[PDB]
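Here the Cβ positions follow ideal geometry from the backbone for every residue, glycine too, while neighbour counts run over all protein chains shown. Please treat every number below as a calculation from the coordinates, not as lab data.
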Amino acid sequence: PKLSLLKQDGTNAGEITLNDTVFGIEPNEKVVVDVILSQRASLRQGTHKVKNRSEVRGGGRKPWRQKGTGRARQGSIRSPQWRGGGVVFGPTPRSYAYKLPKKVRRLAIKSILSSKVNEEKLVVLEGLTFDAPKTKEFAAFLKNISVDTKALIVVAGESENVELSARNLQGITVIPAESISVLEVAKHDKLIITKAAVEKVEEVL
Amino acid sequence: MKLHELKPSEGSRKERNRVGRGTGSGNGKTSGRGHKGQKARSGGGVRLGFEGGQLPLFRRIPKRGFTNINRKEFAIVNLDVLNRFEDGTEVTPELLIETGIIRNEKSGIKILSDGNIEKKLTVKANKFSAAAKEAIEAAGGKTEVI
Amino acid sequence: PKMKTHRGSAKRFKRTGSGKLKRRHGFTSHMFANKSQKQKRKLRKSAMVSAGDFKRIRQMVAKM
Amino acid sequence: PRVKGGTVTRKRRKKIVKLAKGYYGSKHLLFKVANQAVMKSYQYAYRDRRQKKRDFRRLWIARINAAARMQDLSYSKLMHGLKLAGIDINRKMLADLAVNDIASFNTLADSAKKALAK
RNA sequence: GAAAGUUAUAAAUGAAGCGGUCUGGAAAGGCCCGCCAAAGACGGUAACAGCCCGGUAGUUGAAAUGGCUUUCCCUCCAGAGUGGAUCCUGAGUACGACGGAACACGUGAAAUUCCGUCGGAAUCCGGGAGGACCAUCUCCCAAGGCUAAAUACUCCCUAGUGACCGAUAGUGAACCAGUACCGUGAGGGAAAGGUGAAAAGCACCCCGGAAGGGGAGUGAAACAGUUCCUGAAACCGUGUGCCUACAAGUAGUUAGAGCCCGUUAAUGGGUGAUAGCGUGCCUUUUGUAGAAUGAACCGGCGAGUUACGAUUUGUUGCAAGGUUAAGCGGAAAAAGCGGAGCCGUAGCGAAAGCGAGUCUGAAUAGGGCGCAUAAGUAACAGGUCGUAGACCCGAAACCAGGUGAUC
RNA sequence: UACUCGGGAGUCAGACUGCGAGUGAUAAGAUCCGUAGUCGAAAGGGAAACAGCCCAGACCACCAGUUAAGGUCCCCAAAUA
RNA sequence: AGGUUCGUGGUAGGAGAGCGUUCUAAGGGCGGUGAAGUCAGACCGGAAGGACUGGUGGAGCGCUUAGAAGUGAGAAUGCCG
Ligand SMILES: [Mg+2]
Ligand SMILES: [Mg+2]
Ligand SMILES: [Mg+2]
Ligand SMILES: [Mg+2]
Ligand SMILES: [Mg+2]
Ligand SMILES: [Mg+2]
Ligand SMILES: [Mg+2]
Ligand SMILES: [Mg+2]
Ligand SMILES: [Mg+2]
Ligand SMILES: [Mg+2]
Ligand SMILES: [Mg+2]
Ligand SMILES: [Mg+2]
Ligand SMILES: [Mg+2]
Ligand SMILES: [Mg+2]
Ligand SMILES: [Mg+2]
Ligand SMILES: [Mg+2]
Ligand SMILES: [Mg+2]
Ligand SMILES: [Mg+2]
Ligand SMILES: [Mg+2]
Ligand SMILES: [Mg+2]
Ligand SMILES: [Mg+2]
Ligand SMILES: [Mg+2]
Ligand SMILES: [Mg+2]
Ligand SMILES: [Mg+2]
Ligand SMILES: [Mg+2]
Ligand SMILES: [Mg+2]
Ligand SMILES: [Mg+2]
Ligand SMILES: [Mg+2]
Ligand SMILES: [Mg+2]
Ligand SMILES: [Mg+2]
Ligand SMILES: [Mg+2]
Ligand SMILES: [Mg+2]
Ligand SMILES: [Mg+2]
Ligand SMILES: [Mg+2]
Ligand SMILES: [Mg+2]
Ligand SMILES: [Mg+2]
Ligand SMILES: [Mg+2]
Ligand SMILES: [Mg+2]
Ligand SMILES: [Mg+2]
Ligand SMILES: [Mg+2]
Ligand SMILES: [Mg+2]
Ligand SMILES: [Mg+2]
Ligand SMILES: [Mg+2]
Ligand SMILES: [Mg+2]
Ligand SMILES: [Mg+2]
Ligand SMILES: [Mg+2]
Ligand SMILES: [Mg+2]
Ligand SMILES: [Mg+2]
Ligand SMILES: [Mg+2]
Ligand SMILES: [Mg+2]
Ligand SMILES: [Mg+2]
Ligand SMILES: [Mg+2]
Ligand SMILES: [Mg+2]
Ligand SMILES: [Mg+2]
Ligand SMILES: [Mg+2]
Ligand SMILES: [Mg+2]
Ligand SMILES: [Mg+2]
Ligand SMILES: [Mg+2]
Ligand SMILES: [Mg+2]
Ligand SMILES: [Mg+2]
Ligand SMILES: [Mg+2]
Ligand SMILES: [Mg+2]
Ligand SMILES: [Mg+2]
Ligand SMILES: [Mg+2]
Ligand SMILES: [Mg+2]
Ligand SMILES: [Mg+2]
Ligand SMILES: [Mg+2]
Ligand SMILES: [Mg+2]
Ligand SMILES: [Mg+2]
Ligand SMILES: [Mg+2]
Ligand SMILES: [Mg+2]
Ligand SMILES: [Mg+2]
Ligand SMILES: [Mg+2]
Ligand SMILES: [Mg+2]
Ligand SMILES: [Mg+2]
Ligand SMILES: [Mg+2]
């Protein structure tokens, strides 16, 4: 609802007002769990396959006479109990992705994006720009505002070289203000969001 | 959310039951199937309607009727949903579709006389029941058929 | 694949307003000289499927 | 993902074999035979915990009887005297006196005779 | 037929620690200091490396050949209006009879399309269809031909990915594998990975014909010595503490003396003279120690799964409403858009139809079904069912294409 | 305890003993019914051994006590009452 | 959370609570001062099971909370060695 606006160099820049219906609702923990699993279950390729008893090479011929030989009755040398025989059930190529009703996928983003505010783990910034791509200059900026951990830079527009001079750093990820999602926000500890990106998050919901 | 502390809603997820894994689980040797039947074999059982030879029920009662090809079915609106309109306006089928009362227009709009109306309204539609017509006439409204 | 309706049952069963099934009496074709009329008046009406039969044939007509 | 069996089958089977230490022949070496012996030993041990209580009580009775006959009595006619006189010492303690401290056993037997007469 | 640009087929350049100290055979590891980053992808190096090597991001590069895209060149070109006497608009065809087939449609009331045999129109005032057929009306010109894109597949090449396998697994084949072997032939078809960082792969002495050993030496390790990382079990041996040659034994368990030891230290360990009780495991059965069935022993492998639907219970979102499908967008994402559609909100009747009622009935009667007495829907998870090999192994047999009279 | 609605099954080869009948020869550990018990799916104690007979229903431990059927000369606990 | 009463044999079968295995995500860890594996012990829990110490081995592996399954073998005149 009310937060302190910070300049790029780390000083103060005034104060900002966040909408209460977006950053101030009571979180629904039992919903955020479901949405995280649904998005994580939909990221797996599911490319796995084995060979049945009808796909292994060979077979067909009955190994030996049904009766009188003294051995056990057998029908093919690729039966499941044989050595080089085929698998019984095993895996198979298969999709895992599923979605959730739209009114729930919008409540989860409100809950996860408001849970940070309750934990004082959100930093609103006046404007974050770099004239030239320089990873040295970016890491110093993370020293102006005490981060020392995984972050998530959300920038809306401009941002000439923000996306470049943060790739090499490990725990830092930059998303252009429409890609914000439940899984990414929950995955990263802190949340750095510029002033111009708050409106775009606000207006979509 | 602290992905290291996920806890789903209680009762929303249960555990698969796997049969044929020893006799301590109660579903071991025979796996809930009994002993030596047709139902105890792989891909066993009989058809959905089969009765073991006795004549099935559907084959000892007669067929009945036919299906009309020119069947007309009307979209139904009662009188209670007609109290959401301020008195004076002219209610028309093209107005009723937008306000969510009628999703699809099947073959026409028909007003039935369930409930009661208290606001003087003028309506237009394709059909009226006998009791519905008088109800909106006794409210000072007028009845017109498109 | 979606499971198929039993067309034979769909031609002689009727679904009522409470989910039950309505049928027709089945002794009404060609021996009306051997039936008293009290026995013929009752047979031209319509009955209901019993709970034992419904418990067996409920899936043959599900999207009817 | 495949789950190949390993380090789990032999861990359970080796535990059963070690429980069959000291058995004759293959009963201490082979899993199939040793499993049947370990199961059978438990079934025996379960029902000798019942017989052990019966076996000892028959031992104490036979020792009270032998000591009581030296005083012109018998077990049946001695144990009646004690109850009729109010002494509640059980068989385990009574047999202990008859072997170690026979002097006190006679004092108890004298009270038994008094109860029988009066 | 030329000119220009782009791409594919070799490549070039490319930042930053030999930092100090400890263990160590060896530092990439621990502790203390620094630095680069449009470069913290991956692999190698004597153990885990952004700063040691090949490299990576970025920026460059084509003699020659192929591809694509533009331009030039080259090549080829009549379309509007009115009248409209007269002329033309696909003949053994369009239909029809008989016999078959394809149409979801099994000759049925059977339209529509095709094939074989016979018969056989009109041609602009004309002809065909709208599920037999006639009249009216509406739509359209068969019996000549061509046509890109949106769709199906992967023997291959380039760059990559995986809550896929890891030597009985994954292709039959990680190894000179369709090989060895079997068959006259068609055809069937295996087993088999690991020294060490580096061969430094054991100068030399002794036993022996040799093999093989014992020292010596290399190595961190030779109990790593040319099936060589690790090396379980069955199986075969050597030595030793306790018991055993008057005893009738599903081989144990309970009581127990003697002898010998000394633990994850606690009413401890090994063996046990003698005494009581005691007819293995599974399957199938009214009933099995069973003289009913299976197993020589050890080890690995070996059986209720998945997709799409139906129903019911639990949880979550919204609620007289609920919800999108295909598709556009994008990173094999997340939003946003997409309301076509589906379920519910009204039922009764074969149907016209009527409607909180309706149907039977001559009936305001009675009775059947319904409201009164009203919660659904989307998603996930569990139980069960249907279609699929559907819980795993097992026939004798049937059909289709081929190989065989060297017996 | 009943009853109603809903989800999930298994079973349809039974055996013997007492009583009432049929077939049989007023035979069968025979066969077929009705009625009660036990076994099936039940260990423990007694009938020498002996699923169905008699007593009686095992949650675990105890080197504690009282009883049931059946027994008290020795094997073998208790009366040479 | 604590009491009172009544119970706790069990085949086919129904319901519930759990152990262990491989992999994935996050947190937090140990390991050449010796990981997994393997051998031996007289330890711990109600069971499936879990630690500790010592030898061999010579480089990877646990713990916590969720998720997904090629998920646990003593028997098939089972296949291979
Ligand atoms: Mg085949
Ligand atoms: Mg074949
Ligand atoms: Mg294979
Ligand atoms: Mg369970
Ligand atoms: Mg059971
Ligand atoms: Mg079994
Ligand atoms: Mg069976
Ligand atoms: Mg059955
Ligand atoms: Mg109807
Ligand atoms: Mg009739
Ligand atoms: Mg694996
Ligand atoms: Mg196994
Ligand atoms: Mg012994
Ligand atoms: Mg270079
Ligand atoms: Mg360089
Ligand atoms: Mg050193
Ligand atoms: Mg160093
Ligand atoms: Mg690396
Ligand atoms: Mg090493
Ligand atoms: Mg290495
Ligand atoms: Mg025609
Ligand atoms: Mg014809
Ligand atoms: Mg015409
Ligand atoms: Mg018509
Ligand atoms: Mg039509
Ligand atoms: Mg044409
Ligand atoms: Mg192989
Ligand atoms: Mg191996
Ligand atoms: Mg040859
Ligand atoms: Mg090597
Ligand atoms: Mg030598
Ligand atoms: Mg020599
Ligand atoms: Mg030599
Ligand atoms: Mg040497
Ligand atoms: Mg040396
Ligand atoms: Mg070594
Ligand atoms: Mg070493
Ligand atoms: Mg090695
Ligand atoms: Mg070796
Ligand atoms: Mg060994
Ligand atoms: Mg002797
Ligand atoms: Mg010790
Ligand atoms: Mg003995
Ligand atoms: Mg029999
Ligand atoms: Mg058999
Ligand atoms: Mg045999
Ligand atoms: Mg085996
Ligand atoms: Mg909508
Ligand atoms: Mg009624
Ligand atoms: Mg099934
Ligand atoms: Mg020939
Ligand atoms: Mg029921
Ligand atoms: Mg019957
Ligand atoms: Mg019967
Ligand atoms: Mg009977
Ligand atoms: Mg008899
Ligand atoms: Mg009999
Ligand atoms: Mg009989
Ligand atoms: Mg009973
Ligand atoms: Mg039985
Ligand atoms: Mg008994
Ligand atoms: Mg008995
Ligand atoms: Mg007898
Ligand atoms: Mg006995
Ligand atoms: Mg009991
Ligand atoms: Mg007594
Ligand atoms: Mg005696
Ligand atoms: Mg029980
Ligand atoms: Mg169950
Ligand atoms: Mg870790
Ligand atoms: Mg492992
Ligand atoms: Mg170890
Ligand atoms: Mg564990
Ligand atoms: Mg483990
Ligand atoms: Mg398995
Ligand atoms: Mg063999």
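Could you list all residues from the range D:15-43 that are near RNA strand E (Cβ under 7 Å from one of its atoms), surrounded by 10 or more Cβ atoms within 10 Å (Cβ to Cβ) and not aliphatic (A, V, I, L, M)? Even if it seems obvious, please write down each step before you answer.
The first filter runs over the range D:15-43 and keeps only residues near RNA strand E (Cβ under 7 Å from one of its atoms), leaving D:21-27, D:29-33, D:36-37, D:39-41.
Okay, now just the ones that are also surrounded by 10 or more Cβ atoms within 10 Å (Cβ to Cβ), so D:23, D:26-27, D:29-31, D:33, D:36-37, D:39-41.
Correct list: D:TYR23, D:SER26, D:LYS27, D:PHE31, D:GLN36, D:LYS40, D:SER41.
In contact (Cβ under 8 Å) with a residue 60 or more places away in the chain and either touching a strand residue (DSSP E or B) at 6+ places or on another chain (Cβ under 7 Å) or closer than 15 Å to A:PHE23 by Cβ (or both): does that describe A:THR129?
In short, no.
How many residues are facing another protein chain (nearest Cβ under 9 Å) and not charged (D, E, K, R) if we restrict to the range A:32-44?
The number of residues fulfilling the criteria is 4.
When you scan the range B:52-106, how many residues do you find that are within 14 Å of chain C (Cβ to nearest Cβ) and not charged (D, E, K, R)?
11
I'd like to verify a number: residues in the range C:23-40 that are more than 10 Å from chain B (Cβ to nearest Cβ) and surrounded by 10 or more Cβ atoms within 10 Å (Cβ to Cβ), how many?
4
How many residues, within the range B:33-51, are within 12 Å of chain C (Cβ to nearest Cβ) and either charged (D, E, K, R) or within 16 Å of ligand 3 (Cβ to nearest atom) (or both)?
Going through the range B:33-51 one residue at a time, the tally reaches 2.
Taking the conditions exactly as written (charged (D, E, K, R) and either exposed (fewer than 12 other Cβ atoms within 10 Å of the Cβ) or under 30 Å from C:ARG44 (Cβ atoms) (or both)), does B:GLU98 satisfy them or not? Before you say what the answer is, go through the steps one by one.
Numbers: charged (D, E, K, R): yes; either exposed (fewer than 12 other Cβ atoms within 10 Å of the Cβ) or under 30 Å from C:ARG44 (Cβ atoms) (or both): yes.
Considered against the rule, which asks whether it is charged (D, E, K, R) and either exposed (fewer than 12 other Cβ atoms within 10 Å of the Cβ) or under 30 Å from C:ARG44 (Cβ atoms) (or both), B:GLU98 comes out as yes.
So which residues in the range B:88-124 are on the phi > 0 side of the Ramachandran plot and in contact (Cβ under 8 Å) with a residue 12 or more places away in the chain, if there are any at all?
B:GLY88, B:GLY108, B:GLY115, listed by residue number.
Of the residues C:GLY52, C:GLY26, C:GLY17, which is more than 16 Å from RNA strand G (Cβ to nearest atom), closer than 28 Å to B:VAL46 by Cβ and over 13 Å from the mean Cα position of the chain (by Cα)?
C:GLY52
Read through the list (1) surrounded by fewer than 11 Cβ atoms within 10 Å (Cβ to Cβ); (2) more than 14 Å from every other protein chain (Cβ to nearest Cβ); (3) at positive phi, then give the number of the only condition that B:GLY11 fails.
(2)
Determine which member of the set B:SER9, B:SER107 is away from ligand 8 (no atom under 16 Å from the Cβ), among the hydroxyl-bearing types (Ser, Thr, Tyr) and under 30 Å from A:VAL32 (Cβ atoms).
Answer to the selection: B:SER9.
Residues in the range D:29-47: is at least one touching a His at 6+ places or on another chain (Cβ under 9 Å) and either away from RNA strand G (no atom under 15 Å from the Cβ) or more than 30 Å from A:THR47 (Cβ to Cβ) (or both)?
yes
State the number of residues belonging to the range B:40-71 that are basic (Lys, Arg), outside any helix (DSSP H, G or I) and surrounded by 10 or more Cβ atoms within 10 Å (Cβ to Cβ).
Result for the range B:40-71: 3.
Looking at the range D:87-98, can you tell me whether even one residue there is more than 24 Å from D:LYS53 (Cβ to Cβ) and either part of a helix (DSSP H, G or I) or not basic (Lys, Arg) (or both)?
No; the residues of the range D:87-98 include none that is more than 24 Å from D:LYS53 (Cβ to Cβ) and either part of a helix (DSSP H, G or I) or not basic (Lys, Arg) (or both).
Hey, among the residues in the range B:20-32 that are within 14 Å of another protein chain (Cβ to nearest Cβ) and within 16 Å of RNA strand F (Cβ to nearest atom), which one's surrounded by the most Cβ atoms within 10 Å (Cβ to Cβ)?
B:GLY20
If you take the residues of the range A:83-124 that are within 14 Å of chain B (Cβ to nearest Cβ) and either more than 29 Å from A:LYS150 (Cα to Cα) or basic (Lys, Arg) (or both), which of them is farthest from ligand 8 (Cβ to nearest atom)?
Ranking the candidates gives A:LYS121 first.
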